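Here is the file model.pdb (PDB, C-alpha atoms).
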MODEL        1
ATOM      1  CA  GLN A   1      24.776  32.444 -72.228  1.00  0.00           C
ATOM      2  CA  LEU A   2      27.051  32.731 -69.202  1.00  0.00           C
ATOM      3  CA  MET A   3      29.377  34.641 -71.519  1.00  0.00           C
ATOM      4  CA  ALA A   4      27.103  36.217 -74.130  1.00  0.00           C
ATOM      5  CA  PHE A   5      27.199  39.437 -72.116  1.00  0.00           C
ATOM      6  CA  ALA A   6      30.960  39.333 -72.500  1.00  0.00           C
ATOM      7  CA  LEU A   7      30.531  38.909 -76.244  1.00  0.00           C
ATOM      8  CA  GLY A   8      28.837  42.332 -76.503  1.00  0.00           C
ATOM      9  CA  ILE A   9      31.687  44.028 -74.643  1.00  0.00           C
ATOM     10  CA  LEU A  10      34.017  42.833 -77.383  1.00  0.00           C
ATOM     11  CA  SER A  11      31.639  44.430 -79.886  1.00  0.00           C
ATOM     12  CA  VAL A  12      31.894  47.688 -78.034  1.00  0.00           C
ATOM     13  CA  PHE A  13      35.616  47.562 -78.731  1.00  0.00           C
ATOM     14  CA  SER A  14      35.179  48.016 -82.482  1.00  0.00           C
ATOM     15  CA  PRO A  15      34.821  51.885 -82.557  1.00  0.00           C
ATOM     16  CA  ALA A  16      33.036  52.542 -85.889  1.00  0.00           C
ATOM     17  CA  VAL A  17      31.075  55.734 -86.542  1.00  0.00           C
ATOM     18  CA  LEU A  18      32.387  58.217 -83.958  1.00  0.00           C
ATOM     19  CA  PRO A  19      28.736  59.173 -83.198  1.00  0.00           C
ATOM     20  CA  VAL A  20      28.032  55.430 -83.029  1.00  0.00           C
ATOM     21  CA  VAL A  21      24.439  56.581 -83.501  1.00  0.00           C
ATOM     22  CA  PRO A  22      22.141  53.504 -83.005  1.00  0.00           C
ATOM     23  CA  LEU A  23      23.217  51.817 -86.243  1.00  0.00           C
ATOM     24  CA  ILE A  24      25.566  48.863 -85.590  1.00  0.00           C
ATOM     25  CA  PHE A  25      23.579  48.040 -82.435  1.00  0.00           C
ATOM     26  CA  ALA A  26      27.068  48.386 -80.935  1.00  0.00           C
ATOM     27  CA  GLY A  27      28.473  51.209 -78.800  1.00  0.00           C
ATOM     28  CA  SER A  28      31.540  53.276 -77.917  1.00  0.00           C
ATOM     29  CA  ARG A  29      31.251  54.945 -74.506  1.00  0.00           C
ATOM     30  CA  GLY A  30      31.174  54.289 -70.752  1.00  0.00           C
ATOM     31  CA  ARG A  31      27.421  54.769 -70.407  1.00  0.00           C
ATOM     32  CA  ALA A  32      26.985  52.284 -73.243  1.00  0.00           C
ATOM     33  CA  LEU A  33      28.649  49.575 -71.145  1.00  0.00           C
ATOM     34  CA  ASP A  34      25.866  49.923 -68.585  1.00  0.00           C
ATOM     35  CA  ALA A  35      23.293  49.529 -71.354  1.00  0.00           C
ATOM     36  CA  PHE A  36      25.003  46.339 -72.535  1.00  0.00           C
ATOM     37  CA  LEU A  37      24.286  44.723 -69.172  1.00  0.00           C
ATOM     38  CA  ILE A  38      20.588  45.257 -69.863  1.00  0.00           C
ATOM     39  CA  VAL A  39      20.616  43.092 -73.018  1.00  0.00           C
ATOM     40  CA  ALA A  40      21.950  40.207 -70.933  1.00  0.00           C
ATOM     41  CA  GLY A  41      19.356  40.950 -68.259  1.00  0.00           C
ATOM     42  CA  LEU A  42      16.294  40.074 -70.320  1.00  0.00           C
ATOM     43  CA  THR A  43      17.083  36.340 -70.622  1.00  0.00           C
ATOM     44  CA  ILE A  44      17.447  35.416 -66.919  1.00  0.00           C
ATOM     45  CA  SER A  45      14.018  36.636 -65.725  1.00  0.00           C
ATOM     46  CA  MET A  46      12.338  34.988 -68.686  1.00  0.00           C
ATOM     47  CA  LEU A  47      13.900  31.557 -68.202  1.00  0.00           C
ATOM     48  CA  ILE A  48      11.817  31.065 -65.077  1.00  0.00           C
ATOM     49  CA  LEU A  49       8.698  31.395 -67.258  1.00  0.00           C
ATOM     50  CA  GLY A  50       9.916  28.397 -69.303  1.00  0.00           C
ATOM     51  CA  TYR A  51       7.409  26.192 -67.419  1.00  0.00           C
ATOM     52  CA  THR A  52       5.298  27.832 -64.685  1.00  0.00           C
ATOM     53  CA  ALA A  53       6.988  29.800 -61.911  1.00  0.00           C
ATOM     54  CA  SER A  54       4.219  30.856 -59.512  1.00  0.00           C
ATOM     55  CA  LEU A  55       6.869  31.300 -56.810  1.00  0.00           C
ATOM     56  CA  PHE A  56       9.798  33.380 -58.046  1.00  0.00           C
ATOM     57  CA  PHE A  57       9.622  36.887 -59.449  1.00  0.00           C
ATOM     58  CA  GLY A  58       7.017  36.838 -62.232  1.00  0.00           C
ATOM     59  CA  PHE A  59       6.272  40.492 -61.489  1.00  0.00           C
ATOM     60  CA  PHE A  60       9.914  41.450 -62.014  1.00  0.00           C
ATOM     61  CA  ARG A  61       9.587  40.684 -65.696  1.00  0.00           C
ATOM     62  CA  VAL A  62       6.932  43.357 -66.373  1.00  0.00           C
ATOM     63  CA  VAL A  63       8.614  46.152 -64.377  1.00  0.00           C
ATOM     64  CA  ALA A  64      12.059  45.387 -65.797  1.00  0.00           C
ATOM     65  CA  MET A  65      10.725  45.835 -69.322  1.00  0.00           C
ATOM     66  CA  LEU A  66       9.065  49.117 -68.320  1.00  0.00           C
ATOM     67  CA  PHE A  67      12.434  50.733 -67.574  1.00  0.00           C
ATOM     68  CA  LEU A  68      13.645  49.532 -70.964  1.00  0.00           C
ATOM     69  CA  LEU A  69      10.910  51.440 -72.811  1.00  0.00           C
ATOM     70  CA  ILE A  70      12.698  54.655 -71.846  1.00  0.00           C
ATOM     71  CA  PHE A  71      15.684  53.590 -73.981  1.00  0.00           C
ATOM     72  CA  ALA A  72      13.315  52.651 -76.811  1.00  0.00           C
ATOM     73  CA  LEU A  73      11.812  56.146 -76.878  1.00  0.00           C
ATOM     74  CA  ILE A  74      15.104  57.543 -78.224  1.00  0.00           C
ATOM     75  CA  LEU A  75      14.821  55.373 -81.346  1.00  0.00           C
ATOM     76  CA  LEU A  76      11.381  56.767 -82.188  1.00  0.00           C
ATOM     77  CA  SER A  77      12.677  60.287 -81.547  1.00  0.00           C
ATOM     78  CA  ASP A  78      14.947  59.889 -84.603  1.00  0.00           C
ATOM     79  CA  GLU A  79      14.346  62.406 -87.398  1.00  0.00           C
ATOM     80  CA  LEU A  80      12.165  59.912 -89.269  1.00  0.00           C
ATOM     81  CA  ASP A  81      13.662  57.096 -91.349  1.00  0.00           C
ATOM     82  CA  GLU A  82      13.006  53.666 -92.884  1.00  0.00           C
ATOM     83  CA  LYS A  83      13.599  50.655 -90.595  1.00  0.00           C
ATOM     84  CA  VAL A  84      12.494  52.958 -87.772  1.00  0.00           C
ATOM     85  CA  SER A  85       9.005  53.165 -89.267  1.00  0.00           C
ATOM     86  CA  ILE A  86       8.993  49.416 -89.915  1.00  0.00           C
ATOM     87  CA  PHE A  87      10.420  48.839 -86.455  1.00  0.00           C
ATOM     88  CA  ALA A  88       7.193  50.227 -85.026  1.00  0.00           C
ATOM     89  CA  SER A  89       5.461  47.646 -87.205  1.00  0.00           C
ATOM     90  CA  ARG A  90       6.922  44.900 -85.008  1.00  0.00           C
ATOM     91  CA  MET A  91       4.551  46.210 -82.328  1.00  0.00           C
ATOM     92  CA  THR A  92       1.552  45.136 -84.404  1.00  0.00           C
ATOM     93  CA  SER A  93       2.965  41.660 -85.013  1.00  0.00           C
ATOM     94  CA  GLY A  94       4.320  41.338 -81.448  1.00  0.00           C
ATOM     95  CA  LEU A  95       1.279  42.496 -79.443  1.00  0.00           C
ATOM     96  CA  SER A  96      -1.646  40.098 -78.943  1.00  0.00           C
ATOM     97  CA  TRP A  97      -3.883  40.672 -75.927  1.00  0.00           C
ATOM     98  CA  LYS A  98      -6.646  43.065 -76.987  1.00  0.00           C
ATOM     99  CA  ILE A  99     -10.209  41.727 -77.096  1.00  0.00           C
ATOM    100  CA  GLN A 100      -9.301  39.725 -73.994  1.00  0.00           C
ATOM    101  CA  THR A 101      -6.670  41.433 -71.837  1.00  0.00           C
ATOM    102  CA  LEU A 102      -5.984  40.821 -68.139  1.00  0.00           C
ATOM    103  CA  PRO A 103      -6.229  44.170 -66.212  1.00  0.00           C
ATOM    104  CA  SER A 104      -2.692  44.791 -64.968  1.00  0.00           C
ATOM    105  CA  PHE A 105       0.467  46.449 -66.330  1.00  0.00           C
ATOM    106  CA  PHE A 106      -0.827  46.383 -69.929  1.00  0.00           C
ATOM    107  CA  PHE A 107       0.924  43.075 -70.548  1.00  0.00           C
ATOM    108  CA  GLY A 108       0.800  43.593 -74.311  1.00  0.00           C
ATOM    109  CA  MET A 109       2.427  47.038 -74.118  1.00  0.00           C
ATOM    110  CA  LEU A 110       5.228  45.521 -72.048  1.00  0.00           C
ATOM    111  CA  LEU A 111       5.954  42.871 -74.687  1.00  0.00           C
ATOM    112  CA  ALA A 112       6.790  45.482 -77.327  1.00  0.00           C
ATOM    113  CA  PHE A 113       9.426  46.908 -74.976  1.00  0.00           C
ATOM    114  CA  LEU A 114      10.961  43.452 -74.498  1.00  0.00           C
ATOM    115  CA  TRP A 115      12.382  42.886 -78.045  1.00  0.00           C
ATOM    116  CA  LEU A 116      14.891  45.846 -78.139  1.00  0.00           C
ATOM    117  CA  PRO A 117      17.344  44.636 -75.356  1.00  0.00           C
ATOM    118  CA  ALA A 118      18.145  41.301 -76.989  1.00  0.00           C
ATOM    119  CA  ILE A 119      19.836  40.364 -80.248  1.00  0.00           C
ATOM    120  CA  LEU A 120      23.503  39.589 -79.379  1.00  0.00           C
ATOM    121  CA  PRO A 121      22.274  37.454 -76.410  1.00  0.00           C
ATOM    122  CA  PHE A 122      19.808  36.008 -78.855  1.00  0.00           C
ATOM    123  CA  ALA A 123      22.886  35.284 -80.823  1.00  0.00           C
ATOM    124  CA  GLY A 124      24.346  33.760 -77.626  1.00  0.00           C
ATOM    125  CA  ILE A 125      21.593  31.099 -77.221  1.00  0.00           C
ATOM    126  CA  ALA A 126      22.240  29.866 -80.759  1.00  0.00           C
ATOM    127  CA  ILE A 127      25.872  29.107 -79.982  1.00  0.00           C
ATOM    128  CA  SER A 128      24.584  26.999 -77.088  1.00  0.00           C
ATOM    129  CA  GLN A 129      22.226  25.150 -79.444  1.00  0.00           C
ATOM    130  CA  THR A 130      25.000  23.773 -81.656  1.00  0.00           C
ATOM    131  CA  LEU A 131      26.510  22.063 -78.588  1.00  0.00           C
ATOM    132  CA  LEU A 132      23.223  21.292 -76.807  1.00  0.00           C
ATOM    133  CA  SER A 133      20.287  18.985 -77.579  1.00  0.00           C
ATOM    134  CA  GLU A 134      18.619  19.392 -80.990  1.00  0.00           C
ATOM    135  CA  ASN A 135      15.976  21.714 -82.443  1.00  0.00           C
ATOM    136  CA  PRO A 136      16.478  22.736 -86.119  1.00  0.00           C
ATOM    137  CA  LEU A 137      13.111  24.534 -86.087  1.00  0.00           C
ATOM    138  CA  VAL A 138      14.551  27.522 -84.226  1.00  0.00           C
ATOM    139  CA  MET A 139      17.673  27.364 -86.332  1.00  0.00           C
ATOM    140  CA  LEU A 140      15.744  27.214 -89.577  1.00  0.00           C
ATOM    141  CA  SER A 141      13.495  30.115 -88.560  1.00  0.00           C
ATOM    142  CA  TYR A 142      16.470  31.880 -86.990  1.00  0.00           C
ATOM    143  CA  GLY A 143      18.866  31.071 -89.847  1.00  0.00           C
ATOM    144  CA  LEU A 144      17.699  33.624 -92.431  1.00  0.00           C
ATOM    145  CA  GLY A 145      17.770  36.500 -89.920  1.00  0.00           C
ATOM    146  CA  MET A 146      20.940  35.129 -88.328  1.00  0.00           C
ATOM    147  CA  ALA A 147      23.130  34.735 -91.385  1.00  0.00           C
ATOM    148  CA  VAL A 148      22.924  38.353 -92.527  1.00  0.00           C
ATOM    149  CA  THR A 149      23.340  39.866 -89.041  1.00  0.00           C
ATOM    150  CA  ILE A 150      26.104  37.591 -87.819  1.00  0.00           C
ATOM    151  CA  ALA A 151      28.314  38.172 -90.855  1.00  0.00           C
ATOM    152  CA  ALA A 152      28.160  41.962 -90.673  1.00  0.00           C
ATOM    153  CA  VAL A 153      28.859  42.158 -86.939  1.00  0.00           C
ATOM    154  CA  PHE A 154      31.766  39.708 -87.216  1.00  0.00           C
ATOM    155  CA  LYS A 155      33.597  42.371 -89.213  1.00  0.00           C
ATOM    156  CA  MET A 156      33.692  44.513 -86.058  1.00  0.00           C
ATOM    157  CA  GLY A 157      36.155  42.181 -84.298  1.00  0.00           C
ATOM    158  CA  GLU A 158      38.759  43.611 -86.668  1.00  0.00           C
ATOM    159  CA  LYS A 159      36.915  46.891 -87.258  1.00  0.00           C
ATOM    160  CA  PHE A 160      33.263  47.799 -87.886  1.00  0.00           C
ATOM    161  CA  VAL A 161      32.266  49.548 -91.128  1.00  0.00           C
ATOM    162  CA  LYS A 162      31.702  53.235 -91.951  1.00  0.00           C
ATOM    163  CA  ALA A 163      27.977  52.869 -91.328  1.00  0.00           C
ATOM    164  CA  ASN A 164      26.680  50.421 -93.892  1.00  0.00           C
ATOM    165  CA  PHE A 165      23.146  51.409 -94.589  1.00  0.00           C
ATOM    166  CA  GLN A 166      22.414  47.759 -95.453  1.00  0.00           C
ATOM    167  CA  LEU A 167      23.563  46.680 -91.952  1.00  0.00           C
ATOM    168  CA  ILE A 168      20.683  48.402 -90.105  1.00  0.00           C
ATOM    169  CA  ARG A 169      18.236  46.044 -91.871  1.00  0.00           C
ATOM    170  CA  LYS A 170      19.809  43.011 -90.209  1.00  0.00           C
ATOM    171  CA  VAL A 171      18.810  44.315 -86.762  1.00  0.00           C
ATOM    172  CA  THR A 172      15.073  44.134 -87.500  1.00  0.00           C
ATOM    173  CA  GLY A 173      15.092  40.455 -88.484  1.00  0.00           C
ATOM    174  CA  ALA A 174      16.768  39.293 -85.293  1.00  0.00           C
ATOM    175  CA  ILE A 175      14.276  41.265 -83.238  1.00  0.00           C
ATOM    176  CA  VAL A 176      11.236  39.802 -85.037  1.00  0.00           C
ATOM    177  CA  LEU A 177      12.504  36.238 -84.596  1.00  0.00           C
ATOM    178  CA  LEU A 178      13.187  36.355 -80.854  1.00  0.00           C
ATOM    179  CA  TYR A 179       9.570  36.766 -79.806  1.00  0.00           C
ATOM    180  CA  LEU A 180       8.487  33.813 -81.921  1.00  0.00           C
ATOM    181  CA  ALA A 181      11.211  31.554 -80.515  1.00  0.00           C
ATOM    182  CA  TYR A 182      10.274  32.312 -76.899  1.00  0.00           C
ATOM    183  CA  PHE A 183       6.646  31.469 -77.671  1.00  0.00           C
ATOM    184  CA  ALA A 184       7.772  27.950 -78.659  1.00  0.00           C
ATOM    185  CA  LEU A 185       5.865  25.928 -76.061  1.00  0.00           C
ATOM    186  CA  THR A 186       8.887  23.610 -75.924  1.00  0.00           C
ATOM    187  CA  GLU A 187      12.547  23.503 -74.867  1.00  0.00           C
ATOM    188  CA  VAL A 188      13.944  26.543 -73.020  1.00  0.00           C
ATOM    189  CA  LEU A 189      13.920  24.107 -70.063  1.00  0.00           C
ATOM    190  CA  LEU A 190      16.919  21.763 -70.228  1.00  0.00           C
ATOM    191  CA  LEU A 191      18.022  22.549 -66.673  1.00  0.00           C
ATOM    192  CA  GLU A 192      16.037  20.121 -64.521  1.00  0.00           C
TER
ENDMDL
END

Take the structure in the file and write it out as structure tokens.
Amino acid sequence: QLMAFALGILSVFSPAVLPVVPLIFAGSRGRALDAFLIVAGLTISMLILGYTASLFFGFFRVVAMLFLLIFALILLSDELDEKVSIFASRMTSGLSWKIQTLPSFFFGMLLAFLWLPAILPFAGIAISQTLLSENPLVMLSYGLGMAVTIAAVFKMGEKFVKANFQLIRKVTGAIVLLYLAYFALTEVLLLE
């Protein structure tokens, strides 16, 4: 949304684990603020795709995601763990082009990169949905992933949690859902 980016900054407030190690998908530093801008960034380029650009910045979408992969590499670096291993699994579900790819910037590789920036912005579109047209399909698909994640993060407003091991699990569901919603060959237009 035109304020979802702002929503993340509030999240940054909530300190939490001093190391704030990628756990609450939050943050607690100056450099982190710069990273927050990136999550917001993914939605604007993509919106043009909604129908069929062919005269905007279609190329920008692939390169933009490439820079993001660098941030993703740190997650894999982790000293092995659960969700991290499963997180890689999203790549198998997410990728598609294989026995029929279009020689370019490895479109499919780029897509895997794309999921990590979102989430709170993904949360931002949903707020828009309640006060905008109708489409329970996204909500129903989104709802199971959304309810667990939204409740845990809300706690941050007052103060995050020690480092609830359960909380990390919520992050994966939101990420899996976003790719499917974008695929929806409908909506995402609205603006004439």

Do you know which residues the PyMOL selection byres ((chain A and resi 109-112) around 10) returns on this file, as a PyMOL selection string?
chain A and resi 61-69+72+88+90-97+105-108+113-116+179

Would you kindly return, as a list in words, each protein, DNA or RNA residue with an atom no farther than 9 Å from any atom of range 132-140 of chain A, considering only C-alpha atoms and excluding same-chain residues fewer than 2 positions away?
residues 126, 127, 128, 129, 130, 142, 143, 144, 146, 177, 181, 184, 187 and 190 of chain A

Output C-alpha atoms for every residue in that selection, as a JSON list (two decimals), keeping the file's coordinate frame.
[["chain", "number", "residue", "atom", "x", "y", "z"],
["A", 126, "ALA", "CA", 22.24, 29.87, -80.76],
["A", 127, "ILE", "CA", 25.87, 29.11, -79.98],
["A", 128, "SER", "CA", 24.58, 27.00, -77.09],
["A", 129, "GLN", "CA", 22.23, 25.15, -79.44],
["A", 130, "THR", "CA", 25.00, 23.77, -81.66],
["A", 142, "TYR", "CA", 16.47, 31.88, -86.99],
["A", 143, "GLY", "CA", 18.87, 31.07, -89.85],
["A", 144, "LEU", "CA", 17.70, 33.62, -92.43],
["A", 146, "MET", "CA", 20.94, 35.13, -88.33],
["A", 177, "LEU", "CA", 12.50, 36.24, -84.60],
["A", 181, "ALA", "CA", 11.21, 31.55, -80.52],
["A", 184, "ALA", "CA", 7.77, 27.95, -78.66],
["A", 187, "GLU", "CA", 12.55, 23.50, -74.87],
["A", 190, "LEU", "CA", 16.92, 21.76, -70.23]]

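Comparing the minimum interatomic distances between residue 78 in chain A and each of A:42, A:100, A:149, A:23, counting only C-alpha atoms, we find that A:23 sits nearest.
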
Spell out the residues picked by the PyMOL selection byres ((chain A and resi 49) around 12) here, as a short mmCIF file (atom, residue, chain, number, x, y, z; two decimals) with C-alpha atoms, in the frame of the given file.
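Output contents, as saved in selection21.cif:
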data_model
loop_
_atom_site.label_atom_id
_atom_site.label_comp_id
_atom_site.auth_asym_id
_atom_site.auth_seq_id
_atom_site.Cartn_x
_atom_site.Cartn_y
_atom_site.Cartn_z
CA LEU A 42 16.29 40.07 -70.32
CA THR A 43 17.08 36.34 -70.62
CA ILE A 44 17.45 35.42 -66.92
CA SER A 45 14.02 36.64 -65.72
CA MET A 46 12.34 34.99 -68.69
CA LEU A 47 13.90 31.56 -68.20
CA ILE A 48 11.82 31.06 -65.08
CA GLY A 50 9.92 28.40 -69.30
CA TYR A 51 7.41 26.19 -67.42
CA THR A 52 5.30 27.83 -64.68
CA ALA A 53 6.99 29.80 -61.91
CA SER A 54 4.22 30.86 -59.51
CA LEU A 55 6.87 31.30 -56.81
CA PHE A 56 9.80 33.38 -58.05
CA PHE A 57 9.62 36.89 -59.45
CA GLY A 58 7.02 36.84 -62.23
CA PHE A 59 6.27 40.49 -61.49
CA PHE A 60 9.91 41.45 -62.01
CA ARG A 61 9.59 40.68 -65.70
CA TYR A 182 10.27 32.31 -76.90
CA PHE A 183 6.65 31.47 -77.67
CA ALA A 184 7.77 27.95 -78.66
CA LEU A 185 5.86 25.93 -76.06
CA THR A 186 8.89 23.61 -75.92
CA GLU A 187 12.55 23.50 -74.87
CA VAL A 188 13.94 26.54 -73.02
CA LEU A 189 13.92 24.11 -70.06
#

Can you tell me which residues surround range 152-164 of chain A at a distance of at most 12 Å, considering all atoms listed in the file, apart from same-chain residues fewer than 3 positions away, and format the answer as a ChimeraX atom specification?
/A:7-28,119-120,123,145-149,167-171

Based on the selection just made, write C-alpha atoms of those residues as a CSV table (one decimal), in the frame of the given file.
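This went into again_7.csv:
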chain,number,residue,atom,x,y,z
A,7,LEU,CA,30.5,38.9,-76.2
A,8,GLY,CA,28.8,42.3,-76.5
A,9,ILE,CA,31.7,44.0,-74.6
A,10,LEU,CA,34.0,42.8,-77.4
A,11,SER,CA,31.6,44.4,-79.9
A,12,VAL,CA,31.9,47.7,-78.0
A,13,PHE,CA,35.6,47.6,-78.7
A,14,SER,CA,35.2,48.0,-82.5
A,15,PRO,CA,34.8,51.9,-82.6
A,16,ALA,CA,33.0,52.5,-85.9
A,17,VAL,CA,31.1,55.7,-86.5
A,18,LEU,CA,32.4,58.2,-84.0
A,19,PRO,CA,28.7,59.2,-83.2
A,20,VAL,CA,28.0,55.4,-83.0
A,21,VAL,CA,24.4,56.6,-83.5
A,22,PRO,CA,22.1,53.5,-83.0
A,23,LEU,CA,23.2,51.8,-86.2
A,24,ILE,CA,25.6,48.9,-85.6
A,25,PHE,CA,23.6,48.0,-82.4
A,26,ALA,CA,27.1,48.4,-80.9
A,27,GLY,CA,28.5,51.2,-78.8
A,28,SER,CA,31.5,53.3,-77.9
A,119,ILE,CA,19.8,40.4,-80.2
A,120,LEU,CA,23.5,39.6,-79.4
A,123,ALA,CA,22.9,35.3,-80.8
A,145,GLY,CA,17.8,36.5,-89.9
A,146,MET,CA,20.9,35.1,-88.3
A,147,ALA,CA,23.1,34.7,-91.4
A,148,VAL,CA,22.9,38.4,-92.5
A,149,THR,CA,23.3,39.9,-89.0
A,167,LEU,CA,23.6,46.7,-92.0
A,168,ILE,CA,20.7,48.4,-90.1
A,169,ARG,CA,18.2,46.0,-91.9
A,170,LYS,CA,19.8,43.0,-90.2
A,171,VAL,CA,18.8,44.3,-86.8

Exercise on range 82-93 of chain A, axis-aligned box with 3 Å per side, report centre and edge lengths in Å to one decimal, as JSON:
{"center_x": 7.6, "center_y": 47.7, "center_z": -87.6, "size_x": 18.0, "size_y": 18.0, "size_z": 16.6}

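Interatomic distance, CA of residue 131 in chain A to CA of residue 174 in chain A: 20.9 Å.
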